[PDB]
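Enquirer: So that you have it, the file is final21.txt, and it contains compact mmCIF, N, CA, C and O atoms:
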# COMPACT_ATOMS: atom_id res chain seq x y z
N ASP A 1 0.85 -1.23 0.00
CA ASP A 1 0.00 0.00 0.00
C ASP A 1 0.88 1.26 0.00
O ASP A 1 1.64 1.48 0.95
N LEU A 2 0.77 2.07 -1.07
CA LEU A 2 1.40 3.39 -1.11
C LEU A 2 0.45 4.38 -0.52
O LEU A 2 -0.70 4.46 -0.97
N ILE A 3 0.92 5.11 0.49
CA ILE A 3 0.22 6.25 1.07
C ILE A 3 1.20 7.41 1.10
O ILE A 3 2.21 7.32 1.77
N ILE A 4 0.92 8.48 0.37
CA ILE A 4 1.75 9.69 0.37
C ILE A 4 0.93 10.84 0.89
O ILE A 4 -0.25 10.97 0.56
N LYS A 5 1.55 11.71 1.67
CA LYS A 5 0.88 12.95 2.12
C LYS A 5 1.89 14.11 2.14
O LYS A 5 2.90 14.03 2.84
N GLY A 6 1.62 15.18 1.38
CA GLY A 6 2.55 16.30 1.25
C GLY A 6 1.88 17.66 1.30
O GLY A 6 0.78 17.84 0.77
N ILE A 7 2.54 18.62 1.93
CA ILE A 7 1.96 19.97 2.13
C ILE A 7 3.05 21.04 2.08
O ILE A 7 4.12 20.85 2.63
N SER A 8 2.76 22.17 1.46
CA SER A 8 3.68 23.30 1.40
C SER A 8 2.88 24.57 1.70
O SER A 8 1.82 24.78 1.12
N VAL A 9 3.35 25.38 2.64
CA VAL A 9 2.62 26.58 3.11
C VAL A 9 3.56 27.76 3.19
O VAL A 9 4.56 27.69 3.89
N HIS A 10 3.22 28.85 2.51
CA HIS A 10 3.95 30.11 2.62
C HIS A 10 2.99 31.20 3.11
O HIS A 10 1.90 31.38 2.56
N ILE A 11 3.42 31.89 4.17
CA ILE A 11 2.74 33.09 4.68
C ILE A 11 3.74 34.25 4.69
O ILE A 11 4.91 34.11 5.07
N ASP B 1 -2.88 -0.53 -2.82
CA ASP B 1 -3.73 0.70 -2.82
C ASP B 1 -2.86 1.96 -2.82
O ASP B 1 -2.09 2.18 -1.87
N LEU B 2 -2.96 2.76 -3.89
CA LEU B 2 -2.34 4.08 -3.93
C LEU B 2 -3.29 5.07 -3.34
O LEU B 2 -4.43 5.15 -3.79
N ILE B 3 -2.81 5.81 -2.33
CA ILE B 3 -3.52 6.95 -1.75
C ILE B 3 -2.53 8.11 -1.72
O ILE B 3 -1.52 8.01 -1.05
N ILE B 4 -2.82 9.18 -2.45
CA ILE B 4 -1.98 10.39 -2.45
C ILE B 4 -2.80 11.54 -1.93
O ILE B 4 -3.98 11.66 -2.26
N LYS B 5 -2.19 12.41 -1.15
CA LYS B 5 -2.85 13.65 -0.70
C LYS B 5 -1.84 14.81 -0.68
O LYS B 5 -0.83 14.73 0.02
N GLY B 6 -2.12 15.87 -1.44
CA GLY B 6 -1.19 16.99 -1.57
C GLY B 6 -1.86 18.36 -1.52
O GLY B 6 -2.96 18.54 -2.05
N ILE B 7 -1.19 19.32 -0.89
CA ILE B 7 -1.77 20.66 -0.69
C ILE B 7 -0.69 21.74 -0.74
O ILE B 7 0.39 21.54 -0.19
N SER B 8 -0.98 22.86 -1.36
CA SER B 8 -0.05 24.00 -1.42
C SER B 8 -0.86 25.27 -1.12
O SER B 8 -1.92 25.47 -1.70
N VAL B 9 -0.38 26.08 -0.18
CA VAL B 9 -1.12 27.28 0.29
C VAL B 9 -0.17 28.46 0.38
O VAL B 9 0.83 28.39 1.07
N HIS B 10 -0.52 29.55 -0.30
CA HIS B 10 0.21 30.81 -0.19
C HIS B 10 -0.74 31.90 0.29
O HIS B 10 -1.83 32.07 -0.26
N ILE B 11 -0.32 32.59 1.35
CA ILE B 11 -1.00 33.78 1.86
C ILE B 11 0.00 34.95 1.87
O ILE B 11 1.17 34.80 2.25
N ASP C 1 -6.62 0.17 -5.64
CA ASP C 1 -7.47 1.39 -5.64
C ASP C 1 -6.59 2.66 -5.64
O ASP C 1 -5.82 2.87 -4.69
N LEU C 2 -6.70 3.46 -6.71
CA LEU C 2 -6.07 4.78 -6.75
C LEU C 2 -7.02 5.77 -6.16
O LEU C 2 -8.17 5.85 -6.61
N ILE C 3 -6.55 6.50 -5.15
CA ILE C 3 -7.25 7.64 -4.57
C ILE C 3 -6.27 8.80 -4.54
O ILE C 3 -5.25 8.71 -3.87
N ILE C 4 -6.55 9.88 -5.27
CA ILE C 4 -5.71 11.09 -5.27
C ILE C 4 -6.54 12.24 -4.75
O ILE C 4 -7.71 12.36 -5.08
N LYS C 5 -5.92 13.11 -3.97
CA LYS C 5 -6.58 14.34 -3.52
C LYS C 5 -5.58 15.51 -3.50
O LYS C 5 -4.57 15.43 -2.80
N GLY C 6 -5.85 16.57 -4.26
CA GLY C 6 -4.92 17.69 -4.39
C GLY C 6 -5.59 19.06 -4.34
O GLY C 6 -6.69 19.24 -4.87
N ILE C 7 -4.93 20.02 -3.71
CA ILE C 7 -5.50 21.36 -3.50
C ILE C 7 -4.42 22.43 -3.56
O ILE C 7 -3.34 22.24 -3.01
N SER C 8 -4.71 23.56 -4.18
CA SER C 8 -3.78 24.70 -4.23
C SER C 8 -4.59 25.96 -3.94
O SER C 8 -5.65 26.17 -4.51
N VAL C 9 -4.12 26.78 -3.00
CA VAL C 9 -4.85 27.98 -2.53
C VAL C 9 -3.90 29.16 -2.44
O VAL C 9 -2.90 29.09 -1.75
N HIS C 10 -4.25 30.25 -3.12
CA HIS C 10 -3.52 31.51 -3.01
C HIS C 10 -4.48 32.59 -2.53
O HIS C 10 -5.57 32.77 -3.07
N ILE C 11 -4.05 33.29 -1.47
CA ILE C 11 -4.73 34.48 -0.96
C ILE C 11 -3.73 35.65 -0.95
O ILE C 11 -2.56 35.50 -0.57
N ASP D 1 4.59 -1.93 2.82
CA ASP D 1 3.73 -0.70 2.82
C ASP D 1 4.61 0.56 2.82
O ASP D 1 5.38 0.78 3.77
N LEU D 2 4.51 1.37 1.75
CA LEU D 2 5.13 2.69 1.71
C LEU D 2 4.18 3.68 2.29
O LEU D 2 3.03 3.76 1.85
N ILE D 3 4.66 4.41 3.31
CA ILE D 3 3.95 5.55 3.89
C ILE D 3 4.94 6.71 3.92
O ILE D 3 5.95 6.62 4.59
N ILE D 4 4.65 7.79 3.19
CA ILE D 4 5.49 8.99 3.19
C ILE D 4 4.66 10.15 3.71
O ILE D 4 3.49 10.27 3.38
N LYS D 5 5.28 11.02 4.49
CA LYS D 5 4.62 12.25 4.94
C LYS D 5 5.63 13.41 4.95
O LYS D 5 6.63 13.33 5.66
N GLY D 6 5.35 14.48 4.20
CA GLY D 6 6.28 15.60 4.07
C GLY D 6 5.61 16.96 4.12
O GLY D 6 4.51 17.14 3.59
N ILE D 7 6.27 17.92 4.75
CA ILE D 7 5.70 19.27 4.95
C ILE D 7 6.78 20.34 4.90
O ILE D 7 7.86 20.15 5.45
N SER D 8 6.49 21.47 4.27
CA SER D 8 7.42 22.61 4.22
C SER D 8 6.61 23.87 4.52
O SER D 8 5.55 24.08 3.94
N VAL D 9 7.08 24.68 5.46
CA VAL D 9 6.35 25.88 5.93
C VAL D 9 7.30 27.07 6.01
O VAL D 9 8.30 26.99 6.71
N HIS D 10 6.95 28.15 5.33
CA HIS D 10 7.68 29.42 5.44
C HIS D 10 6.73 30.50 5.93
O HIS D 10 5.63 30.68 5.38
N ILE D 11 7.15 31.20 6.99
CA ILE D 11 6.47 32.39 7.50
C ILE D 11 7.47 33.55 7.51
O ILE D 11 8.64 33.41 7.88
N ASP E 1 8.32 -2.62 5.64
CA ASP E 1 7.47 -1.39 5.64
C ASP E 1 8.34 -0.13 5.64
O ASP E 1 9.11 0.08 6.59
N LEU E 2 8.24 0.67 4.57
CA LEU E 2 8.87 1.99 4.52
C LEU E 2 7.91 2.98 5.11
O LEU E 2 6.77 3.06 4.67
N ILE E 3 8.39 3.71 6.12
CA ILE E 3 7.68 4.85 6.70
C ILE E 3 8.67 6.02 6.74
O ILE E 3 9.68 5.92 7.41
N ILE E 4 8.38 7.09 6.01
CA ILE E 4 9.22 8.30 6.01
C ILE E 4 8.40 9.45 6.53
O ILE E 4 7.22 9.57 6.20
N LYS E 5 9.01 10.32 7.31
CA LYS E 5 8.35 11.55 7.75
C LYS E 5 9.36 12.72 7.77
O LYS E 5 10.37 12.64 8.48
N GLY E 6 9.08 13.78 7.02
CA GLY E 6 10.02 14.90 6.89
C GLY E 6 9.34 16.27 6.93
O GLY E 6 8.24 16.45 6.41
N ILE E 7 10.01 17.23 7.57
CA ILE E 7 9.43 18.57 7.77
C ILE E 7 10.51 19.64 7.72
O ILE E 7 11.59 19.45 8.27
N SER E 8 10.23 20.77 7.09
CA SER E 8 11.15 21.91 7.04
C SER E 8 10.35 23.17 7.34
O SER E 8 9.28 23.38 6.76
N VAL E 9 10.82 23.99 8.28
CA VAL E 9 10.08 25.19 8.75
C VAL E 9 11.03 26.37 8.83
O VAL E 9 12.03 26.30 9.53
N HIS E 10 10.68 27.46 8.15
CA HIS E 10 11.41 28.72 8.26
C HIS E 10 10.46 29.80 8.75
O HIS E 10 9.37 29.98 8.20
N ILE E 11 10.88 30.50 9.80
CA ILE E 11 10.21 31.69 10.32
C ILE E 11 11.21 32.86 10.33
O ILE E 11 12.37 32.71 10.70
N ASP F 1 -8.77 12.22 4.40
CA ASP F 1 -9.62 13.44 4.40
C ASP F 1 -8.74 14.71 4.40
O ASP F 1 -7.97 14.92 5.35
N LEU F 2 -8.85 15.51 3.33
CA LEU F 2 -8.22 16.83 3.29
C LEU F 2 -9.17 17.82 3.88
O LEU F 2 -10.32 17.90 3.43
N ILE F 3 -8.70 18.55 4.89
CA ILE F 3 -9.40 19.69 5.47
C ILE F 3 -8.42 20.85 5.50
O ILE F 3 -7.40 20.76 6.17
N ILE F 4 -8.70 21.93 4.77
CA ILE F 4 -7.86 23.13 4.77
C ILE F 4 -8.69 24.29 5.29
O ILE F 4 -9.86 24.41 4.96
N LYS F 5 -8.07 25.16 6.07
CA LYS F 5 -8.73 26.39 6.52
C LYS F 5 -7.73 27.55 6.54
O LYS F 5 -6.72 27.48 7.24
N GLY F 6 -8.00 28.62 5.78
CA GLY F 6 -7.07 29.74 5.65
C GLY F 6 -7.74 31.10 5.70
O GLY F 6 -8.84 31.29 5.17
N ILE F 7 -7.08 32.07 6.33
CA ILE F 7 -7.66 33.41 6.53
C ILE F 7 -6.57 34.48 6.48
O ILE F 7 -5.49 34.29 7.03
N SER F 8 -6.86 35.61 5.86
CA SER F 8 -5.93 36.75 5.81
C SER F 8 -6.74 38.01 6.10
O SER F 8 -7.80 38.22 5.53
N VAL F 9 -6.27 38.82 7.04
CA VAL F 9 -7.00 40.02 7.51
C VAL F 9 -6.05 41.21 7.60
O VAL F 9 -5.05 41.13 8.29
N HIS F 10 -6.40 42.30 6.92
CA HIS F 10 -5.67 43.56 7.03
C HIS F 10 -6.63 44.64 7.51
O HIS F 10 -7.72 44.82 6.96
N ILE F 11 -6.20 45.34 8.57
CA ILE F 11 -6.88 46.53 9.08
C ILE F 11 -5.88 47.70 9.09
O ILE F 11 -4.71 47.55 9.47
N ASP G 1 -5.03 11.52 7.22
CA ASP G 1 -5.88 12.75 7.22
C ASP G 1 -5.01 14.01 7.22
O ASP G 1 -4.24 14.23 8.17
N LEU G 2 -5.11 14.81 6.15
CA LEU G 2 -4.49 16.13 6.11
C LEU G 2 -5.44 17.12 6.70
O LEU G 2 -6.58 17.20 6.25
N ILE G 3 -4.96 17.85 7.71
CA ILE G 3 -5.67 18.99 8.29
C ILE G 3 -4.68 20.16 8.32
O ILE G 3 -3.67 20.06 8.99
N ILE G 4 -4.97 21.23 7.59
CA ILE G 4 -4.13 22.44 7.59
C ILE G 4 -4.95 23.59 8.11
O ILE G 4 -6.13 23.71 7.78
N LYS G 5 -4.34 24.46 8.89
CA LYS G 5 -5.00 25.70 9.34
C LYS G 5 -3.99 26.86 9.36
O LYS G 5 -2.98 26.78 10.06
N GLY G 6 -4.27 27.92 8.60
CA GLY G 6 -3.34 29.04 8.47
C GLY G 6 -4.01 30.41 8.52
O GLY G 6 -5.11 30.59 7.99
N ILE G 7 -3.34 31.37 9.15
CA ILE G 7 -3.92 32.71 9.35
C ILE G 7 -2.84 33.79 9.30
O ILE G 7 -1.76 33.59 9.85
N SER G 8 -3.13 34.91 8.68
CA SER G 8 -2.20 36.05 8.62
C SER G 8 -3.01 37.32 8.92
O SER G 8 -4.07 37.52 8.34
N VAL G 9 -2.53 38.13 9.86
CA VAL G 9 -3.27 39.33 10.33
C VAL G 9 -2.32 40.51 10.41
O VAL G 9 -1.32 40.44 11.11
N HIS G 10 -2.67 41.60 9.73
CA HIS G 10 -1.94 42.86 9.85
C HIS G 10 -2.89 43.94 10.33
O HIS G 10 -3.98 44.12 9.78
N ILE G 11 -2.47 44.64 11.39
CA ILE G 11 -3.15 45.83 11.90
C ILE G 11 -2.15 47.00 11.91
O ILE G 11 -0.98 46.85 12.29
N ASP H 1 -1.30 10.82 10.04
CA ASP H 1 -2.15 12.05 10.04
C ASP H 1 -1.27 13.31 10.04
O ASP H 1 -0.51 13.53 10.99
N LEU H 2 -1.38 14.11 8.97
CA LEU H 2 -0.75 15.43 8.93
C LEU H 2 -1.71 16.43 9.52
O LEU H 2 -2.85 16.51 9.07
N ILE H 3 -1.23 17.16 10.53
CA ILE H 3 -1.93 18.30 11.11
C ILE H 3 -0.95 19.46 11.14
O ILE H 3 0.06 19.37 11.81
N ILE H 4 -1.23 20.53 10.41
CA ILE H 4 -0.40 21.74 10.41
C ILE H 4 -1.22 22.89 10.93
O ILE H 4 -2.40 23.02 10.60
N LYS H 5 -0.60 23.76 11.71
CA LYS H 5 -1.27 25.00 12.16
C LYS H 5 -0.26 26.16 12.18
O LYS H 5 0.75 26.08 12.88
N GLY H 6 -0.53 27.22 11.42
CA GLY H 6 0.40 28.35 11.29
C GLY H 6 -0.27 29.71 11.34
O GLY H 6 -1.37 29.89 10.81
N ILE H 7 0.39 30.67 11.97
CA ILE H 7 -0.19 32.01 12.17
C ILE H 7 0.90 33.09 12.12
O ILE H 7 1.97 32.90 12.67
N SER H 8 0.61 34.22 11.49
CA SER H 8 1.53 35.35 11.44
C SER H 8 0.73 36.62 11.74
O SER H 8 -0.33 36.82 11.16
N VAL H 9 1.20 37.43 12.68
CA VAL H 9 0.47 38.63 13.15
C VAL H 9 1.41 39.81 13.23
O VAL H 9 2.41 39.74 13.93
N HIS H 10 1.07 40.90 12.55
CA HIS H 10 1.80 42.16 12.66
C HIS H 10 0.84 43.25 13.15
O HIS H 10 -0.25 43.43 12.60
N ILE H 11 1.27 43.94 14.21
CA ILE H 11 0.59 45.13 14.72
C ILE H 11 1.59 46.30 14.73
O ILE H 11 2.76 46.16 15.10
N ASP I 1 2.44 10.12 12.86
CA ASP I 1 1.58 11.35 12.86
C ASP I 1 2.46 12.61 12.86
O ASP I 1 3.23 12.83 13.81
N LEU I 2 2.36 13.42 11.79
CA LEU I 2 2.98 14.74 11.75
C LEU I 2 2.03 15.73 12.33
O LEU I 2 0.88 15.81 11.89
N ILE I 3 2.51 16.46 13.34
CA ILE I 3 1.80 17.60 13.92
C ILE I 3 2.79 18.76 13.96
O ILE I 3 3.80 18.67 14.63
N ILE I 4 2.50 19.84 13.23
CA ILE I 4 3.34 21.04 13.23
C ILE I 4 2.51 22.20 13.75
O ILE I 4 1.34 22.32 13.42
N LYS I 5 3.13 23.07 14.53
CA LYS I 5 2.47 24.30 14.98
C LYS I 5 3.48 25.46 14.99
O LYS I 5 4.48 25.38 15.70
N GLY I 6 3.20 26.53 14.24
CA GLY I 6 4.13 27.65 14.11
C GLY I 6 3.46 29.01 14.16
O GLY I 6 2.36 29.19 13.63
N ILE I 7 4.12 29.97 14.79
CA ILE I 7 3.55 31.32 14.99
C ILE I 7 4.63 32.39 14.94
O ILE I 7 5.71 32.20 15.49
N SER I 8 4.34 33.52 14.31
CA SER I 8 5.27 34.65 14.26
C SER I 8 4.46 35.92 14.56
O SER I 8 3.40 36.13 13.98
N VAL I 9 4.93 36.73 15.50
CA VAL I 9 4.20 37.93 15.97
C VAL I 9 5.15 39.12 16.05
O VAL I 9 6.15 39.04 16.75
N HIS I 10 4.80 40.20 15.37
CA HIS I 10 5.53 41.47 15.48
C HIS I 10 4.58 42.55 15.97
O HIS I 10 3.48 42.73 15.42
N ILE I 11 5.00 43.25 17.02
CA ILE I 11 4.32 44.44 17.54
C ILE I 11 5.32 45.60 17.55
O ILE I 11 6.49 45.46 17.92
N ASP J 1 6.17 9.43 15.68
CA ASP J 1 5.32 10.65 15.68
C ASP J 1 6.19 11.92 15.68
O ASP J 1 6.96 12.13 16.63
N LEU J 2 6.09 12.72 14.61
CA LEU J 2 6.72 14.04 14.56
C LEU J 2 5.76 15.03 15.15
O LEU J 2 4.62 15.11 14.71
N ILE J 3 6.24 15.76 16.16
CA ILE J 3 5.53 16.90 16.74
C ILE J 3 6.52 18.06 16.78
O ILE J 3 7.53 17.97 17.45
N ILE J 4 6.23 19.14 16.05
CA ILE J 4 7.07 20.35 16.05
C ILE J 4 6.25 21.50 16.57
O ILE J 4 5.07 21.62 16.24
N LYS J 5 6.86 22.37 17.35
CA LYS J 5 6.20 23.60 17.79
C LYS J 5 7.21 24.77 17.81
O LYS J 5 8.22 24.69 18.52
N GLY J 6 6.93 25.83 17.06
CA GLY J 6 7.87 26.95 16.93
C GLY J 6 7.19 28.31 16.97
O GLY J 6 6.09 28.50 16.45
N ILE J 7 7.86 29.28 17.61
CA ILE J 7 7.28 30.62 17.81
C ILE J 7 8.36 31.69 17.75
O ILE J 7 9.44 31.50 18.31
N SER J 8 8.07 32.82 17.13
CA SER J 8 9.00 33.96 17.08
C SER J 8 8.19 35.22 17.38
O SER J 8 7.13 35.43 16.80
N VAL J 9 8.67 36.03 18.32
CA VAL J 9 7.93 37.23 18.79
C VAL J 9 8.88 38.42 18.87
O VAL J 9 9.88 38.34 19.57
N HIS J 10 8.53 39.51 18.19
CA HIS J 10 9.26 40.77 18.30
C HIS J 10 8.31 41.85 18.79
O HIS J 10 7.22 42.03 18.24
N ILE J 11 8.73 42.55 19.84
CA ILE J 11 8.06 43.74 20.36
C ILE J 11 9.06 44.91 20.36
O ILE J 11 10.22 44.76 20.74
Would you mind writing the structure in this file as structure tokens?

Expert:
Amino acid sequence: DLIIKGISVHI
Amino acid sequence: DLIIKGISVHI
Amino acid sequence: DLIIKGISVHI
Amino acid sequence: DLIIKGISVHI
Amino acid sequence: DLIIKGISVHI
Amino acid sequence: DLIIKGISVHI
Amino acid sequence: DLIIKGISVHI
Amino acid sequence: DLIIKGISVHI
Amino acid sequence: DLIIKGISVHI
Amino acid sequence: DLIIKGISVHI
């Protein structure tokens, strides 16, 4: 099972 | 099972 | 099962 | 099982 | 089982 | 489940 | 589960 | 589970 | 579980 | 479990 989770945040 | 989750946020 | 979820937000 | 989790945040 | 977790934060 | 919440306020 | 919450305030 | 919370405030 | 919390405040 | 908490304050 491939599970990927990615996030990028600029303030 | 492929599960991908991705998010990009600029403020 | 392929499950993809993607979001991009600019404010 | 591949599980990846990645995050990048700039303030 | 591959489990990766990575984070980068700049303030 | 992707849940995003973002707000920007200038006074 | 991805949960993101972000806020920017200028007075 | 990815949970991110970020805030920037200028007065 | 990735949990990130970040804050920047200028007065 | 990755838990990060960061804060920067200028007065």

Enquirer: Please produce chain C as an mmCIF file with N, CA, C and O atoms, in the frame of the given file once it has been superposed on chain J, the fit using all Cα atoms paired in sequence order.

Expert:
data_model
loop_
_atom_site.group_PDB
_atom_site.id
_atom_site.type_symbol
_atom_site.label_atom_id
_atom_site.label_comp_id
_atom_site.auth_asym_id
_atom_site.auth_seq_id
_atom_site.Cartn_x
_atom_site.Cartn_y
_atom_site.Cartn_z
ATOM 1 N N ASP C 1 6.166 9.429 15.674
ATOM 2 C CA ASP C 1 5.316 10.649 15.674
ATOM 3 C C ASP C 1 6.195 11.919 15.674
ATOM 4 O O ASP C 1 6.966 12.129 16.623
ATOM 5 N N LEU C 2 6.085 12.719 14.604
ATOM 6 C CA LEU C 2 6.714 14.039 14.564
ATOM 7 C C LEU C 2 5.764 15.029 15.154
ATOM 8 O O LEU C 2 4.614 15.109 14.705
ATOM 9 N N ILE C 3 6.235 15.759 16.164
ATOM 10 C CA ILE C 3 5.535 16.899 16.745
ATOM 11 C C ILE C 3 6.515 18.059 16.774
ATOM 12 O O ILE C 3 7.535 17.969 17.444
ATOM 13 N N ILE C 4 6.234 19.139 16.044
ATOM 14 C CA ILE C 4 7.074 20.349 16.044
ATOM 15 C C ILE C 4 6.244 21.499 16.565
ATOM 16 O O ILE C 4 5.074 21.619 16.235
ATOM 17 N N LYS C 5 6.865 22.369 17.344
ATOM 18 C CA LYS C 5 6.205 23.599 17.795
ATOM 19 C C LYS C 5 7.204 24.769 17.814
ATOM 20 O O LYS C 5 8.215 24.689 18.514
ATOM 21 N N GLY C 6 6.934 25.829 17.055
ATOM 22 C CA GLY C 6 7.863 26.949 16.924
ATOM 23 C C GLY C 6 7.193 28.319 16.975
ATOM 24 O O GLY C 6 6.093 28.499 16.445
ATOM 25 N N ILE C 7 7.853 29.279 17.604
ATOM 26 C CA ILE C 7 7.283 30.619 17.815
ATOM 27 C C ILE C 7 8.363 31.689 17.754
ATOM 28 O O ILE C 7 9.443 31.499 18.304
ATOM 29 N N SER C 8 8.073 32.819 17.135
ATOM 30 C CA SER C 8 9.002 33.959 17.084
ATOM 31 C C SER C 8 8.192 35.219 17.375
ATOM 32 O O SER C 8 7.132 35.429 16.805
ATOM 33 N N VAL C 9 8.663 36.039 18.315
ATOM 34 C CA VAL C 9 7.933 37.239 18.785
ATOM 35 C C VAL C 9 8.883 38.419 18.875
ATOM 36 O O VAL C 9 9.883 38.349 19.564
ATOM 37 N N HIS C 10 8.532 39.509 18.195
ATOM 38 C CA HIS C 10 9.262 40.769 18.305
ATOM 39 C C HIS C 10 8.302 41.849 18.785
ATOM 40 O O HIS C 10 7.212 42.029 18.246
ATOM 41 N N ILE C 11 8.732 42.549 19.845
ATOM 42 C CA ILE C 11 8.053 43.739 20.356
ATOM 43 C C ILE C 11 9.052 44.909 20.365
ATOM 44 O O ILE C 11 10.223 44.759 20.744
#

Enquirer: For a test of reading the model, state the distance in Å between atom O of residue 4 in chain A and atom N of residue 2 in chain H, rounded to one decimal.

Expert: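 Distance reported for this atom pair: 9.0 Å.
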
Enquirer: Using only N, CA, C and O atoms, select each residue of chain B with any atom at most 8 Å away from an atom of chain F, and give the selection as an NGL selection string.

Expert: :B and (5-6 or 11)

Enquirer: If the box runs along x, y and z of the file and leaves 6 Å on each side of chain A, what are its centre and edge lengths in Å, one decimal, as JSON?

Expert:
{"center_x": 2.1, "center_y": 16.5, "center_z": 2.0, "size_x": 17.6, "size_y": 47.5, "size_z": 18.2}

Enquirer: Just list the residues in chain F DSSP gives strand (DSSP E) on the backbone, as a PyMOL selection string.

Expert: chain F and resi 2-10

Enquirer: Just N, CA, C and O atoms for this one: save the residues we selected as a tab-separated table (two decimals), in the frame of the given file.

Expert:
chain	number	residue	atom	x	y	z
F	2	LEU	N	-8.85	15.51	3.33
F	2	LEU	CA	-8.22	16.83	3.29
F	2	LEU	C	-9.17	17.82	3.88
F	2	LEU	O	-10.32	17.90	3.43
F	3	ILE	N	-8.70	18.55	4.89
F	3	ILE	CA	-9.40	19.69	5.47
F	3	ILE	C	-8.42	20.85	5.50
F	3	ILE	O	-7.40	20.76	6.17
F	4	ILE	N	-8.70	21.93	4.77
F	4	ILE	CA	-7.86	23.13	4.77
F	4	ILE	C	-8.69	24.29	5.29
F	4	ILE	O	-9.86	24.41	4.96
F	5	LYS	N	-8.07	25.16	6.07
F	5	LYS	CA	-8.73	26.39	6.52
F	5	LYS	C	-7.73	27.55	6.54
F	5	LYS	O	-6.72	27.48	7.24
F	6	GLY	N	-8.00	28.62	5.78
F	6	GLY	CA	-7.07	29.74	5.65
F	6	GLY	C	-7.74	31.10	5.70
F	6	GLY	O	-8.84	31.29	5.17
F	7	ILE	N	-7.08	32.07	6.33
F	7	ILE	CA	-7.66	33.41	6.53
F	7	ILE	C	-6.57	34.48	6.48
F	7	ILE	O	-5.49	34.29	7.03
F	8	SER	N	-6.86	35.61	5.86
F	8	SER	CA	-5.93	36.75	5.81
F	8	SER	C	-6.74	38.01	6.10
F	8	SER	O	-7.80	38.22	5.53
F	9	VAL	N	-6.27	38.82	7.04
F	9	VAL	CA	-7.00	40.02	7.51
F	9	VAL	C	-6.05	41.21	7.60
F	9	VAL	O	-5.05	41.13	8.29
F	10	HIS	N	-6.40	42.30	6.92
F	10	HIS	CA	-5.67	43.56	7.03
F	10	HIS	C	-6.63	44.64	7.51
F	10	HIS	O	-7.72	44.82	6.96
